[PDB]
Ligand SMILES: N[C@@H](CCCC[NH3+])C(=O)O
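Consider the single chain below, provided in C-alpha cells and representing the form solved without the named molecule.
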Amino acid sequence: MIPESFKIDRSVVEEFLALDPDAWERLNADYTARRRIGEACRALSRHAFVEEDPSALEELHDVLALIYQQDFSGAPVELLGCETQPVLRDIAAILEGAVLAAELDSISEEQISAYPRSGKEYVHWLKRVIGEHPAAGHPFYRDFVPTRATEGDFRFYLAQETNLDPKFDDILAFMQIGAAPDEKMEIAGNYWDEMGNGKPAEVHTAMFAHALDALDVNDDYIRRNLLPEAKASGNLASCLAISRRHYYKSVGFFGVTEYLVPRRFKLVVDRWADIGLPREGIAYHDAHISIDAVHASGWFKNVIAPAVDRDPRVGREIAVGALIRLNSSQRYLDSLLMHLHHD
C-alpha cells in the first residue's frame, strides 16, 4: 500500500476513503504502512504547529475535518463494509493531540487552578473568568455588526458558522453518553429542544439551513470561503465531543457557547432587521436569544455545578474547555473581522 515514507494531506485521506472493503482490510493488517501514516501525521503536525506554516495548518484541519465528517455523517451505502477505524482513529489521535497541545500552550496553570471547589461558587468564578476574556465582548458583534455589516458580510459570516451550529444536536448527543444523572437530564432536554421538541419545523439545523438559503450560503461558497480558524473551531468542537475523556472540557467549551449566544445573536438579529434581510434568518437567531438564556442557566446549574460538586478536580478540565472555546473564538473573530475589513 504505502511502500515509502510519504506526505499526508486531505487528498491522501480521500484516496483511503475510496478503498474497497478488502483494500481496507489489507491496509489494516499492514502495520508498516500504518507506521508510515503515523509518521507522516507527526510531520504534518510539526509543520503546522512548530514551524507554524499556514498551509500545513489548514491542511491538518482539512484532514481532521474529513475524518470528523465520517464520524458525524450518515454513512453512505458504498462505505458500509469498510473498516476505517484503525487508520482514521490513529490519524485523528495524532493531529488532535497537536491541535490540543497548541491550545494548552495559551492556557497557564494560574488561570485554571484557583477555582472554588464547590459547584455554585465555581459557577460565579467561571462567569467572572469568561467576562475577563475579550471574546466575551468581541468588536465583531459589538461594533462591526450594528454599524457596518451588509448582506455580503452576513453571508461570509454565516459560511464560517457552518463549522458548528449544523451539528449542535449530535454534539450534545455525543456529550451525554455515560453522563451522571443530573448532567445527562440537562443535556438531554437541551438536545430535545434542538430537535424542536418533536416538531420538524422547529428543528434547529433545519431553521439554520433556511438562514443559509436566505443569503445563498451554498456548499461551494462555504468551501471557497471557510477560514482556517473556522475549520479549527469546528474541529475543536468535534474533537471534544466524540471522546469520553474530553467530556469535562466539552462541558466548558459548550457552556461558554450557550452563555454567549444571546448577546451575540441579539446584535445580529437587530442589524439583520435594520437592513431588511429575509425573515428566515430572523427565525433561527430569534429562537436562540430567548432559548439560550434558559440553556445557559440550566447548563451552569445542572451540568457544571453538579460535576464540580461530585468531583471538584473536574473544575480544572471545565475551565480548560472554556478557555479553549474563548481563545479559539477570539482567533476566529479576529480573522473574520480582518477579512471583512479588507472588503
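Residues carry their position along the shown sequence, with the first being 1.
- Looking at 18 to 26 and 323 to 331 together, the entry lists the larger mean B-factor for 18 to 26, computed on C-alpha atoms.
- On average the C-alpha atoms of 50 to 58 have higher B-factors than those of the other stretch, with 50 to 58 and 301 to 309 being the two compared.
- Annotation for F144, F253, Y115, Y247: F144 ranks highest, by Cα B-factor.
- Highest C-alpha temperature factor among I37, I67, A293, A43 per the entry: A43.
- In this PDB entry, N197 carries a Cα temperature factor that places it within the middle third of its chain's modelled residues.
- Per the PDB record, residue ranking by Cα B-factor puts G234 in the middle third of the chain.
- When the CA B factors of the chain's modelled residues are split into thirds, the value for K266 lands in the middle one.
- Per the PDB record, residue ranking by Cα B-factor puts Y191 in the lowest third of the chain.
- In this PDB entry, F72 carries a Cα temperature factor that places it within the middle third of its chain's modelled residues.
Beyond the structure shown, there is the form solved in complex with the named molecule, which is absent from this document and is the topic of what follows.
- If you superimpose the site C-alphas and bring the named molecule over from its pose in the deposited bound form, none of its atoms is within 2.4 angstroms of a backbone or C-beta atom of this form, and that means open.
- Interface residue among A136, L100, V261, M185 relative to the named molecule in the deposited bound form, by the heavy atom within 4.5 Å criterion: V261.
- Screening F168, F72, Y115, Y221 for any heavy atom within 4.5 Å of the named molecule in the deposited bound form leaves a single hit, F168.
- Only one of 45 to 53, 283 to 291, 30 to 38, 303 to 311 lies within 4.5 Å of the named molecule in the deposited bound form by heavy atoms, and it is 283 to 291.
- If you check the named molecule in the deposited bound form, you find no heavy atom from any of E96, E229 and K249 within 4.5 Å.
- With a 4.5 Å cutoff on heavy atoms, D153 does not count as touching the named molecule in the deposited bound form; it lies far away.
- When the named molecule is considered in the deposited bound form, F265 lines it closely, a heavy atom lying within 4.5 Å.
- Proximity of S238 to the named molecule in the deposited bound form falls outside the 4.5 Å heavy atom cutoff.
- Contact annotation for 150 to 164: residues with any non-hydrogen atom within 4.5 angstroms of the named molecule in the deposited bound form are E161, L164, listed in sequence order.
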